[PDB]
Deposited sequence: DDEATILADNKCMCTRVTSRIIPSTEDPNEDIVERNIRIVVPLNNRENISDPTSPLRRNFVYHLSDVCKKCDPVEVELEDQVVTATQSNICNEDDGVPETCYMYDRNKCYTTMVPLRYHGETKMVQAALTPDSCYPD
């Protein structure tokens, strides 16, 4: 029944929240959130490159957790306009903790076949990156 304010795919951090009535009066009401983080125990400093150390340090900037980078339309009198929804999305790619299952993560490898080296693009998330 809670409203989902944020659902990040890099740092699973579903932040729901709902109007919980108080115990003092029926008019007065309280707000409570549910920051549900999911920290990876097995992931490298960076997930785009598999030759980096394991990740033992995680920091979650709330602003970055509840982001919005999907332009929206607005009925400004008689002119519907596109709308940037934040002042953060500005790409250098941002630091990312977990793989976004809906994004393709790959690495280049120099494999030698028929006598010569070839740069083969191999999946890091083989259960995704489908057509």
Check: What residue ranges of the deposited sequence are absent from the coordinates?
Finding: 1-2, 94-96, 137
